[PDB]
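Written out below as structure tokens is the structure these notes cover.
What's counted below: heavy atoms across the whole structure, side chains too, no hydrogens, waters or symmetry copies. Below, read A as the first sequence line, B as the second, and so on, with proteins coming before strands; counting in each chain starts at 1.
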Amino acid sequence: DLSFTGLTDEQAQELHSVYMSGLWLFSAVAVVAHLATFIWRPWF
Amino acid sequence: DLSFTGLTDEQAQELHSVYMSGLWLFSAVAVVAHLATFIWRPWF
Amino acid sequence: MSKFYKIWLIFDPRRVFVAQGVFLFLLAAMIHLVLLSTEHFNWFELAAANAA
Amino acid sequence: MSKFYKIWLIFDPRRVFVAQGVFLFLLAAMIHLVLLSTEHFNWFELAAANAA
Amino acid sequence: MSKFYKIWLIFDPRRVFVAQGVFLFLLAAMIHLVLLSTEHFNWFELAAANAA
Amino acid sequence: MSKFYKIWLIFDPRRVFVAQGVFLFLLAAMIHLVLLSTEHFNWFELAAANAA
Amino acid sequence: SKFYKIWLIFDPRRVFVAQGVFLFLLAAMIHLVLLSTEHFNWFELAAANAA
Amino acid sequence: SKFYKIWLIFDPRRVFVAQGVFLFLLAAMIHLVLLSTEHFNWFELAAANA
Amino acid sequence: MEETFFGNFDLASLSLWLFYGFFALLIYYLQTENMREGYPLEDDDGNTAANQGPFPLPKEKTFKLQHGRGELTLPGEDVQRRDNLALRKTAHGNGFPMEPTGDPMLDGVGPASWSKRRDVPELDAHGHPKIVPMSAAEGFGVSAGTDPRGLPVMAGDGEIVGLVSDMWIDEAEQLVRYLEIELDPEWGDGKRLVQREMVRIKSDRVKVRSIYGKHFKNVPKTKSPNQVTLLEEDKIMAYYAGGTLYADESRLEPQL
Amino acid sequence: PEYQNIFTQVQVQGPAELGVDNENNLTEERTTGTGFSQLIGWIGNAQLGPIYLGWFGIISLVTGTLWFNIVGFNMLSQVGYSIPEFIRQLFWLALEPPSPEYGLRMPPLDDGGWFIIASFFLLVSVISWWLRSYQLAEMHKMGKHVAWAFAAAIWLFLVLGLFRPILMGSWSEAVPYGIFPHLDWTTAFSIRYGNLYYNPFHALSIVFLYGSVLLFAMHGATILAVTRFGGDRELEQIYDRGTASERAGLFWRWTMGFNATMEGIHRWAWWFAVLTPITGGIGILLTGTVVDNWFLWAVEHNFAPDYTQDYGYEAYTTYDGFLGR
Amino acid sequence: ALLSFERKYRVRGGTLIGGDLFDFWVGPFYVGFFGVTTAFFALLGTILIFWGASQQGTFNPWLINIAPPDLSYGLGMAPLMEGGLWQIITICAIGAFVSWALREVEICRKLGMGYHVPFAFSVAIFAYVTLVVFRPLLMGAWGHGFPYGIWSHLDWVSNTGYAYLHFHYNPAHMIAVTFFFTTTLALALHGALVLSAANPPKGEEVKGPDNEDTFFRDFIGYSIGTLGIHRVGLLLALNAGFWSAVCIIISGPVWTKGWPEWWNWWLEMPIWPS
Amino acid sequence: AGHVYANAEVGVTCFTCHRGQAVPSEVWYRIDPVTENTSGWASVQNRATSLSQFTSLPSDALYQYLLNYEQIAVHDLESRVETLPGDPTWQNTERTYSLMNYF
Amino acid sequence: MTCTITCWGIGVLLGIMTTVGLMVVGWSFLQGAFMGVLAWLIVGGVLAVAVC
Ligand code: BCL
Ligand code: BCL
Ligand code: BCL
Ligand code: BCL
Ligand code: BCL
Ligand SMILES: CC[C@H]1c2cc3[nH]c4c(c3C)C(=O)[C@H](C(=O)OC)c4c3nc(cc4[nH]c(cc(n2)[C@@H]1C)c(C(C)=O)c4C)[C@@H](C)[C@@H]3CCC(=O)OC/C=C(\C)CCC[C@H](C)CCC[C@H](C)CCCC(C)C
Ligand code: HEC
Ligand code: HEC
Ligand SMILES: COC(C)(C)C(=O)/C=C/C(C)=C/C=C/C(C)=C/C=C/C(C)=C/C=C/C=C(C)/C=C/C=C(\C)CC/C=C(\C)CCC=C(C)C
Ligand SMILES: COC(C)(C)C(=O)/C=C/C(C)=C/C=C/C(C)=C/C=C/C(C)=C/C=C\C=C(C)\C=C\C=C(/C)CC/C=C(\C)CCC=C(C)C
Ligand SMILES: [Fe+3]
């Protein structure tokens, strides 16, 4: 099993789930932020 | 069960609880500070 | 797809997170600075103009 | 989202807090200097202006 | 070809992904900057022009 | 909350005390200087102005 | 017919990265060559066709 | 003739990389010279015909 | 020459971009040539690091060593690595300093750390040992400056440990490399070497501020009194510089 | 304080070291007389070594003196053989290049004809010296890096006086042989062709010239910092690295994130030094021949800064105010 | 990560004002108390440059220009968009440079090596310090510092150079330049010596210090030695940095007139038979 | 009046240049053959004379420009131009530099 | 050293004396300094060679 960082198959799977959960939370805030800016001053 | 820093889940949960408690308190003061400035001079 | 988790078998999570933390803030800063360069989206000058 | 505490399983608290502490003060000085640069939000100029 | 997978027997996945990651962003940033240079596709003045 | 005392479990009290002592004085000196730079908040010049 | 013997001389790792940057620089150079030209400048044409 | 003995003199690896760089630089130089010329600039000529 | 091709891209622009491509290749060549030592990278646990940087290791180059010392290939298997280091990590992660388990100066871990060089003396062009005592030198003598032979040696804390017996000179390049210290029975026994670059010579005495009086008895010795091997040479020099941080806690602890 | 290895505190002198020699048999053309100087020994080797009297060196020395003398006697003839005036105006006199109205044709002796003769002898001496460096490295079975590094200096040397004047259509483009006059030429060259600040190859050469001084302060201090670990013996550290190479590397790895080897440092050191005249030679070669105004070249290529403030002193002060009245 | 030999040298201690609080490494870099201040000052100065670039209207690296205030403002603080930002970046630059030099002290103290490098950097800092804070004070206006632009600070050198009528005749500039050329000359020859000795023609043994020592003995008749070249080279570069500081600190506040006219002392002496 | 009355109404009088002496100071003559055994451009510049401002720049700049209406501009008005014979060279720039140094 | 350093010190003192000695009888500081510097090189070198 290929693993350059020493993480196991299950270890990376669990780490990605939390990282992706954080990515969606960060994106969700940005999406709400963009809508508020678009309403305040649209760029299209 | 990876732990690069050698911290158990119980140790990290206790440590993250205080960090978020500080993070909310730091952001709570910032929200009040931002609220006062918006009343003073709004930027929208 | 569902097998994107294998990026952590290639990349160290410690070094990526600091790399993206630096990258995201720099991107967040330069987008903000680009907006302030434009006269239309400079919210600091718009507030001054609105006060008149 | 509820598993965000795992950031401390990969980042040493006494190694990221220095980064976290520096970054916040870097911001706190950055926006304060940006506000002072703007003519509308320079609270030092406004006190002089309000004094006529 | 169905045998393109052998490129990873030649190239180290770690170096390629880092090189591809920086290349893709620099590609994306440059093309975005080229649009900002042109008058027709610069959406910042287009927003100003539309607002009249 | 009330468990902020754990900061000393990860940060040495001796080094933090010295570091903040330098930081606090440098903060105090800097803010006193920006007050002196501004004409309105320069308490030294105001005495001359009130002297007439 | 037997050009495959080039890899017996050239290192595939060094050649593949060599043309990887070379081929991109071909695209960058030719694209900017067109952009300098007033005729094959799709950015200027879109402004021109906008009228 | 029997020019195949040039490879007994020159290292094939050392001469192929030199030839490859030389061939492209020569091709780019000749192409760029035509662009400078007014008669053979196919970009300018295409605009003229349009 | 004086006319431009495709825009404002003239011959000066063509030369500029040609140099840009050459410089990028040069930086790749220059950076890779520095990867012949210390690579591949490792972590604090000793395992191979997951990240090796954007520059691959170069092709193996060979040095034809002189005086029949065989050949030498730099990239791969550094023979200078030390096996049993008396250190253990202060953190479970990476990026944190090591704390020596025992005596830092005796074990040679911090500034006192040496490198496992060859256990043979360095040779000049003639094949003779490069560094020899001036007593064994044929026609060498002090030409200028203060001669430290016979001057008492004063340690960092001010203790007098002995007098200089001889200086180990570099007859190939004609300069002093060491001073021999004949330790008093109180402060040790035998003779020890101190490099000239770590010693300061005054009018009446000669002093080293890096090592206290009690640490001279533990200075690494030489197997033979007529020559010093690169291993002993590295151990001796490292020990004195290790005292700049380990002579007392005041040096290791913050100065402010 | 700790002994900084700037001046040796004690120096020893033994029998003079002649050389290493091999079957190339360099001894016959090598001088048998050496001297020792303690004043220079405080900072370096105290032995004044013996010249190798090769034919490339002798020809370079003889023809170099011929160029030096020819320029000298024309300088002495400038002031009419008045030695006190010659000494007084020594920094001002020169052997001026030919007038521009002669082209590549041979000009009269009083109008640059002696400049061509002196330049020809200088060219022979400079090239012969380079051949001496190439031959000496060959006879020592060493690398030709000294010859190639010297050849980079020849490139700018040849461009300044030989290559550019030939393809500029006149010998007048050469540099005058004077102390201040070649400073005047240096300034007038930049003024005539716009501003060499805006020449990218001049800027590139400046990048490597600052980098060359930067590296050799870095390398000079770093080696002196590890000289307590025998870091001055760089060659032995290349073959068998000790703590000197490791500490020097880790000093710069911990400072700027990356380092070099004890051998790779000199490859970095060599190239910035070599690139300084190579880039400058290119910039001079295509200055005037290709680009006749560098600031205008900067304007059309969009790297010349624009200033929105007024250009008059009356816009910032007044004449009476400046004088205080 | 770590080099193949870096593990042993990574020991705690050797800090000036910081302790174990900042005694850690981030990647290859070593963070200290002054690495904390370096990170803060460098980031603040860099961001403010781009903030000024945003207000300047261009982000072109060639065209970015943060300039000092007018000479009418004197030594006092100026408005941020009228030169005040340049003063703050200068303050950040001084803090970043001094902390970087002080961090290098912590690096070499931890490694047991000499303090030559931070001292050598301090000379280059002094050259910058004399250009931005020393010369303006001697003139009574912060507007004499060079602007913070890639090409704008080239215009300042050009204008300041011609502000003294053919700067080439400046005696300290004359001394400073010949140190710059000699250092590059010394760098080329020294770099060539080691590379040539270590890299002989194929099939030849590597050359030791004796072979490279005698090469310049046969080349120029004197070799300064392996140790001598590094100390003379450091002094050659430090003198170049120091005399560069002199040539600009004596320009305005010492010799307001043209630089050729300085040489009037040599042209007009009683010994010369006028 | 476009020059003497440039900023204020400050004209020129008989005292303006004479300043109380019969021969006004800072008057100049033609010393163009500055150095011997020379001709052309080599004969006017390689010396520190009264007209050259303590430099090795040409001393004939005053004669050629302020008396003979010679062209003072030496720059090229385009980035790349066909450098043809008769165009100003660095010698002419050096002479213009000599004149303008006197300014 | 010692003797050589002292002999150099005598020269620089003599150089300073000649710098001000010629200033008294006329000359200028720069003209006097050159003679003073020249004196320091000559008598300083001669003393460092003959006396020592
Ligand atoms: C424009 C209108 C207002 C303005 C609007 C705002 C608004 C709105 C806000 C601020 C905020 C802040 N403003 Mg303001 N501000 C203005 C003018 C000023 C002036 C002044 C002299 O004029 C000052 C001094 C400040 C100062 C401040 C800071 C108190 C604060 C940002 C904290 C930060 O950057 O670093 C903090 C980062 C650190 C990490 C510093 C670390 C240093 C310390 C000493 C480290 C000690 C740690 C040690 C281990 C001990 C730990 C113990 C813990 C208790 C466990 N403002 C103008 C007048 N200002 C922002 C804020 O954060 O409020 C909370 C905020 O939201
Ligand atoms: C133009 C109209 C609005 C505007 C519209 C928007 C919009 C729209 C957006 C922003 C976004 C942002 N804006 Mg804005 N913005 C404006 C004006 C401002 C002003 C100001 C003073 O005027 C400020 C301060 C900001 C600031 C911000 C940030 C909140 C945010 C950028 C994050 C980023 O780039 O870094 C990223 C940061 C990092 C990755 C590093 C984080 C550093 C921490 C301390 C690292 C320590 C982590 C440690 C390990 C602990 C981790 C624990 C976790 C819980 C696991 N904006 C104007 C007024 N702004 C963008 C955004 O990101 O929103 C989310 C966004 O989408
Ligand atoms: C206005 C449009 C421009 C144009 C825009 C681009 C752009 C943009 C790009 C290229 C790229 C390339 N172009 Mg094109 N290209 C044009 C005209 C030409 C002509 C020509 C004689 O006119 C030729 C020979 C080429 C050749 C090429 C190769 C260098 C390359 C394609 C991949 C390759 O290497 O395959 C190897 C070649 C072979 C093995 C055979 C395949 C033949 C090629 C692909 C077909 C081109 C032949 C051409 C159609 C002949 C036209 C003549 C007809 C008889 C009328 N182009 C016109 C003038 N071209 C790409 C590149 O990589 O650049 C580095 C790129 O990004
Ligand atoms: C107003 C003046 C112009 C100016 C006009 C020029 C001109 C003109 C030139 C430079 C060039 C150079 N300039 Mg510029 N330059 C200016 C402002 C600057 C500034 C500054 C801070 O302002 C700097 C740092 C520089 C820096 C430099 C260097 C990067 C470069 C020369 C490198 C060199 O030594 O080559 C090394 C080579 C030589 C010096 C000659 C080699 C000598 C030969 C090989 C040795 C023969 C020895 C001889 C026979 C005597 C022997 C005697 C012995 C005792 C026995 N310039 C302004 C814009 N600059 C050069 C260049 O363009 O490079 C691209 C050049 O020609
Ligand atoms: C018309 C112009 C005049 C002229 C006018 C001037 C003027 C005016 C000046 C010089 C100065 C110099 N001139 Mg001059 N000069 C002329 C012609 C020349 C020629 C030539 C061949 O013609 C040469 C070689 C020189 C040579 C030089 C050097 C003596 C010096 C350059 C600065 C220096 O030493 O570093 C000194 C600067 C420093 C060492 C910078 C310190 C850097 C800091 C500490 C670190 C930077 C970190 C930074 C943040 C980057 C980090 C970012 C990345 C993370 C890495 N001049 C022309 C004729 N010259 C300059 C000088 O002396 O400055 C002192 C000066 O002001
Ligand atoms: C001073 C003597 C000579 C010298 C020596 C020298 N320089 C040195 C050293 C030494 C010995 C180091 O140890 C140190 C180092 O680590 O180098 C890798 C360094 C160094 N000198 C450097 C550059 C440099 N040296 C130069 C020259 C010289 N180097 C001199 C000739 C030059 C010139 C004149 O061109 C430059 C540009 C760096 C590579 C490094 C200093 C690194 C540093 O300070 O890092 C901390 C700061 C940052 C990462 C960024 C700070 C940003 C600021 C807060 C804002 C911007 C300020 C700046 C004034 C703006 C400039 C705008 C435009 C003018 C471009
Ligand atoms: C008869 C003497 C005379 C001559 C000859 C002369 N000037 Fe003037 N110049 C004046 C006067 C009178 C003024 C005052 C105008 C004023 O500033 O209102 C003046 C002012 C100036 C100004 C304007 C200064 C200012 O404060 O704006 C400049 C510049 C100038 N001169 C340059 C020159 C140059 C260059 C020459 C040589 C070609 C020259 N002058 C020759 C008489 C002369
Ligand atoms: C621009 C300054 C200028 C002005 C205006 C000017 N002159 Fe002159 N004058 C000169 C010059 C130049 C000379 C030539 C030097 C010489 O002849 O000694 C000269 C020569 C003379 C001479 C000859 C001096 C001698 O050597 O015998 C006289 C007489 C003279 N001026 C009278 C006057 C008078 C009267 C006025 C007032 C109306 C006046 N000038 C104003 C510039 C001027
Ligand atoms: C240029 O552009 C313009 C437009 C100008 C601009 O403004 C751009 C602005 C941009 C881009 C904004 C970028 C800002 C961002 C992203 C905001 C990050 C800010 C964050 C994330 C806030 C963290 C707060 C955390 C704290 C403060 C915790 C407190 C910690 C407490 C106090 C102590 C911790 C606990 C312990 C020590 C105990 C545990 C220990 C044991 C149990 C042992
Ligand atoms: C007691 O002493 C007595 C005896 C009196 C004496 O003599 C003293 C001598 C005295 C004081 C002279 C002192 C000389 C001085 C200060 C001059 C400095 C010199 C300087 C600064 C040189 C700058 C320019 C150098 C270049 C750049 C050359 C370019 C050369 C080119 C490359 C040559 C190319 C070749 C040709 C053009 C020939 C072509 C023809 C054929 C090939 C046929
Ligand atoms: Fe070296």
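- Interface remark: J:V10 contributes backbone and side-chain atoms alike to the contact with chain I (heavy atom separation under 4.5 Å).
- For I:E37 and J:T261, the side-chain atoms include no donor-acceptor pair closer than 3.5 Å.
- The shortest distance between side-chain heavy atoms of I:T4 and J:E300 does not fall below 4.5 Å.
- Between J:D232 and I:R177 a salt bridge is recorded (basic side-chain N to carboxylate O distance below 4.0 Å).
- For J:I278, no part sits under 4.5 Å from any heavy atom of chain I, backbone or side chain.
- Interface check for chain J: of the options I:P111, I:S210, I:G7, the most heavy-atom pairs under 4.5 Å are formed by I:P111.
- By number of non-hydrogen pairs under 4.5 angstrom with chain I, the leading residue of J:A46, J:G14, J:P1, J:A244 is J:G14.
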*Under the side-chain contact (heavy atoms from CB on, under 4.5 Å) criterion, do I:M167 and J:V12 qualify, and how do the steps go?*
CA-CA 10 Å; I:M167 320 178 288; J:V12 295; 3.9 Å; yes
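- Atoms CZ and CG, from J:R241 and I:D78 in turn, are 5.0 Å apart once rounded to the nearest 0.5 Å.
- Between J:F208 and I:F23, the gap from one ring centroid to the other is short of 6.0 Å.
- Looking only at heavy-atom pairs under 4.5 Å with chain J, the residue among I:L16, I:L11, I:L72 that has the most is I:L16.
- Contact check on J:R233 versus I:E122 returns a salt bridge, with a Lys/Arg side-chain nitrogen under 4.0 Å from an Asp/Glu carboxylate oxygen.
- I:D10 touches chain J through its side chain: at least one heavy atom from C-beta onward sits under 4.5 Å away, while N, CA, C and O do not.
- In this structure, the portion of I:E233 lying under 4.5 Å from any heavy atom of chain J is its side chain and not its backbone.
- The greatest number of non-hydrogen atom pairs below 4.5 Å with chain J, out of I:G53, I:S15, I:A241, I:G38, is found for I:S15.
- Neither the backbone nor the side chain of I:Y239 has a heavy atom closer than 4.5 Å to any heavy atom of chain J.
- The number of heavy-atom neighbours closer than 6.0 Å to NE2 of I:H128, taken from other residues, nucleotides and ligands shown, is 12 or below.
- Using a 4.5 Å cut-off between heavy atoms, J:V290 contacts chain I through both its backbone and its side chain.
- Just one of I:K202, I:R200, I:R196 meets the side-chain hydrogen bond (donor to acceptor under 3.5 Å, both in side chains) condition when paired with J:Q9; it is I:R196.
- Most heavy-atom pairs under 4.5 Å with chain I, from the set J:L285, J:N259, J:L275: that is J:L275.
- Here I:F19 is the residue among I:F19, I:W114, I:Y240, I:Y29 with the most heavy-atom pairs under 4.5 Å with chain J.
- In this structure, I:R117 does not pair ionically with J:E236, as no charged nitrogen and carboxylate oxygen lie closer than 4.0 Å.
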*How far apart are the C-alpha atoms of I:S113 and J:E246, what are their side-chain angles, what is the distance that settles it, and do they pass the side-chain contact (heavy atoms from CB on, under 4.5 Å) test?*
CA-CA 10 Å; I:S113 47; J:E246 304 174 358; over 6 Å; no
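- Here the CZ atom belonging to J:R267 is positioned 9.5 Å from the CG atom belonging to I:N34, to the nearest 0.5 angstrom.
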*Evaluation steps, side-chain contact (heavy atoms from CB on, under 4.5 Å), between J:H266 and I:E33*: CA-CA 10 Å; J:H266 303 95; I:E33 288 298 303; over 6 Å; no
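- Side-chain contact check for J:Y3 versus I:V199: every heavy-atom pair is 4.5 Å or farther apart.
- Residue contact with chain J, scored on non-hydrogen atoms closer than 4.5 Å, involves the side chain of I:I131 exclusively.
- Most heavy-atom pairs under 4.5 Å with chain I: of the set J:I282, J:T289, J:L224, J:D292, this distinction falls to J:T289.
- Using a 4.5 Å cut-off between heavy atoms, I:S13 touches chain J through backbone and side chain atoms alike.
- Neither the backbone nor the side chain of I:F55 has a heavy atom closer than 4.5 Å to any heavy atom of chain J.
- Taking all atoms of both residues into account, the shortest heavy-atom contact from I:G110 to J:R247 is O-NH2, 4.2 Å.
- Most heavy-atom pairs under 4.5 Å with chain J, from the set I:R209, I:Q195, I:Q80: that is I:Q80.
- Most heavy-atom pairs under 4.5 Å with chain I, from the set J:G242, J:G264, J:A260: that is J:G242.
- Between chain J and the residues I:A144, I:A125, I:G145, I:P148, the largest count of heavy-atom pairs under 4.5 Å involves I:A144.
- Contact between J:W268 and I:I27 at its shortest, heavy atoms only, is CH2-CD1, 3.5 Å.
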*Where do J:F229 and I:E197 land on the side-chain contact (heavy atoms from CB on, under 4.5 Å) test, with the steps shown first?*
CA-CA 8 Å; J:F229 317 99; I:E197 297 99 347; over 6 Å; no
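- Only the side chain of J:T279 comes within contact range of chain I, with at least one heavy atom under 4.5 Å from a heavy atom of that chain.
- At a 4.5 Å heavy-atom cutoff, the contact between J:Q4 and chain I is made by backbone atoms alone.
- Ranking J:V291, J:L204, J:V20 against chain I, the residue ahead of the rest is J:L204, based on heavy-atom pairs under 4.5 Å.
- With respect to the salt-bridge test (charged N to carboxylate O, under 4.0 angstrom), the residues J:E2 and I:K207 do not qualify.
- Within 6.0 Å of CZ on J:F36 lie more than 12 heavy atoms contributed by other residues, nucleotides or ligands.
- Only the side chain of J:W294 comes within contact range of chain I, with at least one heavy atom under 4.5 Å from a heavy atom of that chain.
- Among all heavy-atom pairs drawn from J:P15 and I:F140, the shortest one is CD-CE1, 3.9 Å.
- Residue I:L26 touches chain J through its side chain alone, counting heavy-atom pairs closer than 4.5 Å.
- I:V176 has its side chain out of reach of J:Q11: every pair of non-hydrogen atoms, C-beta onward, lies at least 4.5 Å apart.
- Electrostatic pairing of J:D240 and I:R69 does not count as a salt bridge here, judged by no charged N lying under 4.0 Å from a carboxylate O.
- The candidate with the highest count of non-hydrogen atom pairs below 4.5 Å against chain I, out of J:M262, J:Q47, J:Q38, is J:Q38.
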